[PDB]
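Visitor: quick one, fold the following:
(chains A, B and C)
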Amino acid sequence: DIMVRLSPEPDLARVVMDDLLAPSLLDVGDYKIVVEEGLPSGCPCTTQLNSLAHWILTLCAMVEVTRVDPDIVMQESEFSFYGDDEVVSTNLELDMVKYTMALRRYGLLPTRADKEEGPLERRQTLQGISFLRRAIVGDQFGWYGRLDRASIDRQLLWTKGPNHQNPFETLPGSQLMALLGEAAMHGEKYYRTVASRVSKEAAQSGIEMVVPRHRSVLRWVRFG
Amino acid sequence: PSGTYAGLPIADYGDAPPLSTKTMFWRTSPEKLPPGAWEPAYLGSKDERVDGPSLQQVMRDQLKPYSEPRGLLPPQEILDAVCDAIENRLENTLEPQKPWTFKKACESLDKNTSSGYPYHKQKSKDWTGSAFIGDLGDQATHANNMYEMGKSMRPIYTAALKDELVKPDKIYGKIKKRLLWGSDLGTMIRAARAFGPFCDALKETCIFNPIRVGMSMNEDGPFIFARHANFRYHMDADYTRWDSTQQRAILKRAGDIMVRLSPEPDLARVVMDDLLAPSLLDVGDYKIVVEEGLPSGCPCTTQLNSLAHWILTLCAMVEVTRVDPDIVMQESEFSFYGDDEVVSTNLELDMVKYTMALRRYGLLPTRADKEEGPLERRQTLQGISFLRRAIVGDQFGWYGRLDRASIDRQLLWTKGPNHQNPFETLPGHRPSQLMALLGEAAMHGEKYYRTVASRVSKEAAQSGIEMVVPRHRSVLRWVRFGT
Amino acid sequence: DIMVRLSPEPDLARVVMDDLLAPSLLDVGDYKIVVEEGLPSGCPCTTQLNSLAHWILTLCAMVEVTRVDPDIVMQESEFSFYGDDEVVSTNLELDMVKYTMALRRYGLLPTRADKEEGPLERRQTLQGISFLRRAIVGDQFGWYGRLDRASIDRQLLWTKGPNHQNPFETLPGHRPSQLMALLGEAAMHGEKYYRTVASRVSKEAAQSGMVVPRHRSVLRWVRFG
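Guide: Numbering: from 1, shown residues only, chains lettered A, B, ... in the order given. Below is the structure:
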């Protein structure tokens, strides 16, 4: 309804949204079944819609805990929503017990990092939080998001290509420089490791590639 | 052979010898023990002090914790960052070393301990003063050739029980005897050649790095404690079952650090992979498979354990404070000797969440009052314990002082050959240990020094020769300030 | 008196100290004059003696200011004395006004770093204070004393040799250990200054007839080694 009211052609978007949010027909191959609830995550705009829903739910929980009007929360808070992914920063003293209780009451499934039962954790610093598979870090140059180490090693182990049946087939056929950049934000040690791996790899395939110094590629990815 | 021994899988049959029923501790005088005094641990079915279980049952009781579910692993980003920080600090601190020869690795071993599998022979029985010969010589040569070839060998550990003075409740009440891991000569030599350079280079910087393995309390102690006292808050977690509760992944990170700093990294990688693989412990009846815990048999096991302790502590502090590990490391001073720690820091640490993260990692920290709850944090270094010493400070500086009870114990008990009745009086020599005891007693004042001096004079005037009991001030100056 | 009473032959040392502290005969070339006061800084022990005097004076001022006993001062404080050079660390709440007043009353001439009149400055951190012409610095590895930059550049500009008249004459002689020690002292200032000093040393070695290590190796050698 928000998206329609904010659209330049509200009646046509109203019809399209009513069609989108009606009980959906999912084709599982054998039959077409009717899914009445959940999110139909197929449409191109589904990410914005999902993010707006996340925003609504979060604000609702905070108004249920603080009992103050949503504008008060929203002027005292900064939200970041990408579908199911969130980062919530706020100045209000939030009772995390009741916050988690209200979240679980809505049907949601919030989880602690230790995967144990109990209330959600709130920290006094943004460092360490994860967003878009990256960790939020800060230094004398400012804040940044750095891809975790597992994803870098993983993309060093696997490359994308045409569809095949045995995942352990080696492909006899860019991304390496992006991996080098993402590894530069982890220090000179990990950069040296990744640089050795890429140098050994690219000398077994295609063409040679310059392996920059840590400081140069770090400068390029941080301050472009 | 299949089955389950003490909750742990069975792999093969046991070639280990029977558990020792003797003790090395002798009484110094035929007088009656004071009530509540300490006595050597339970000695088996032949122990005439109590009727207790078999030593096999006590070893089973000590092996039960190794079957227990592990704790949670720290967050991966924190772990990677802290391991990189530790490795970088060691690179900045450690002096590069030259690879160890077979001769140097063979001369580094203690020849008064068992060779382990398969001979269980005292190393000195096949020692020439230069290299190994005989059975132990062939074992050593095979281990060395496999080391040079970069080929893997699986270590076979031998289980034993520790002979030591324990509180009487551990003898006349619920009987307990600490579990010891002995290693085989081949694995000893492999680990020596691999990590001798690293351990020695770490020992040369026992003052500037928290791994305090190899330090001398009387010479290097005061500096360590002044460095600690430069900081605001001080704590000691005093973990219970440190080795049983360790996770092999943390030990693998520590071993990666130890290998990356070694002069022969490819060979040390193979040796560490062999050390940290599922361990084969020989409990006498069977050879069982211990998949987790710490195999505390190898010569480098102390450095490895200390590094793991460092990793875990830093991880917990970074998980609570969310500040970078190097920032912690310049705002903190650690002292680690295996399971023993002293942590000094300026950061305002939420001891509740700190203890929560520690218990989440599988560790078992205990309060001083032995009651459950959060860890204690103090604003002074005074009272903290490290290497069985108490940290004290005065106008001359800081120092480590042996407790009074330990002094009384060493006055009551002396080490000698293995016997069956701990209350037998030793007719033999301790002319050197006694002077050290006099020095340790001097740090308690002239009264306690007079008492200890009376006891020493009485003990040496009823036996052998004698010695001149120096003035309090002279021996105090001698033990405090190097002479 | 302290130094004599602690010597193994106190009666023999007494006469020598009485001779040392008596009105001194200073030879200024034309005459031998009588210096009744001051410190005769010629004897081998003159530094220790001076330092002991420094100790006394410092302690006196503090007990005159704090009104607490000197042994309590000394167990609640840490002193460092090298003749006229000192570093005083203490936990006592010290009125720097009365401290400087008592020092100037004793004939001493304490000076601020900014060369302005007023009481002495006390800081809550040991970092930055100077002792033996070196600065006290601390890092994640511990504390250390590092020679200032000006002295390093000066020793790069000036070298010791035989006595001559024109200070701007260039010495034609071809210094190993001196330059290596200078490289070490420059290493404790960071890789930037170490690179500059290393370039200067190499350039000064291309006019004569060593291995210039990486910063980290020499840094570890001079810090821990």
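Visitor: all helices for chain A, in order.
Guide: Secondary structure of chain A (DSSP state H): helices at A:2-5, A:10-21, A:46-66, A:70-75, A:96-105, A:149-157, A:175-184, A:188-202, A:214-223.
Visitor: how about the first one: buried residues?
Guide: What it means is helix A:2-5. residue A:4 (16 or more other C-beta atoms under 10 Å in any protein chain shown). Yep, even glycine has a C-beta here, placed from its N, CA and C like the rest.
Visitor: from the helices of chain A, which stretch is densest packed?
Guide: Most buried of the helices of chain A, by mean neighbour count (mean count of other C-beta atoms under 10 Å in any protein chain shown): helix A:175-184, with a mean of 19.
Visitor: quick one: contacts for the residue nearest the centre of chain A?
Guide: With distances taken as C-alpha atoms, centre = their mean, residue A:132 lies nearest the centre of chain A, 2.8 Å away. Applying C-beta atoms under 8 Å, 6 or more residues apart in numbering or on different chains to residue A:132 gives the contacts A:82, A:85, A:145.
Visitor: out of the residues you listed, which is nearest to chain C?
Guide: Distance to chain C across these (C-beta to the nearest C-beta) is lowest for residue A:145, with 27.0 Å.
Visitor: my guess is that closest one contacts residue A:136. True?
Guide: Yes: look at residue A:145 against residue A:136 with C-beta atoms under 8 Å: they come within range, at 5.9 Å.
Visitor: between these two, who's got more neighbours?
Guide: residue A:136 (18 against 14; other C-beta atoms under 10 Å in any protein chain shown).
Visitor: and the nearest residue to the more buried one once chain neighbours are set aside, how many neighbours?
Guide: Among residues not flanking residue A:136 along the chain, residue A:129 sits closest, at 4.8 Å (C-beta to C-beta, 6 or more residues apart in numbering or on different chains). Counted with other C-beta under 10 Å, residues neighbouring residue A:129 total 18.
Visitor: who touches residue A:129 in this structure?
Guide: Applying C-beta under 8 Å, 6+ apart, the residues near residue A:129 are A:87, A:123, A:135, A:136.
Visitor: separation between the closest residue to residue A:72 other than its chain neighbours and chain B?
Guide: Distances taken as C-beta to C-beta, 6+ apart place residue A:66 nearest to residue A:72, at 7.7 Å, with adjacent residues excluded. Residue A:66 sits 24 Å away from chain B, taking C-beta to the nearest C-beta, to the nearest Å as the criterion.
Visitor: isn't residue A:66 up against residue A:92?
Guide: Yes: in this structure, residue A:66 is within contact of residue A:92 by C-beta under 8 Å, at 5.5 Å.
Visitor: please enumerate the shared neighbours of those two.
Guide: Common contacts of residue A:66 and residue A:92 (C-beta under 8 Å, 6+ apart): residue A:73.
Visitor: which ones are touching the nearest residue to residue A:99 once chain neighbours are set aside?
Guide: Counting by C-beta to C-beta, 6+ apart, residue A:99 lies nearest to residue A:65, which is 5.1 Å off, once chain neighbours are set aside. Contact analysis of residue A:65 by C-beta under 8 Å, 6+ apart lists A:94, A:95, A:98, A:99, A:102.
Visitor: any idea how far residue A:59 is from the first one?
Guide: Put plainly, it is residue A:94. Per C-beta to C-beta, to the nearest Å, residue A:94 is found 12 Å from residue A:59.
Visitor: swap in the second one?
Guide: Relative to residue A:59, residue A:95 is positioned 16 Å away (C-beta to C-beta).
Visitor: for residue A:7, which non-adjacent residue is spatially closest?
Guide: Residue A:7's closest residue in space is residue A:13 (C-beta to C-beta, 6+ apart), at 4.3 Å.
Visitor: and the gap between that neighbour and residue A:20?
Guide: Taken as C-beta to C-beta, the span from residue A:13 to residue A:20 is 10 Å.
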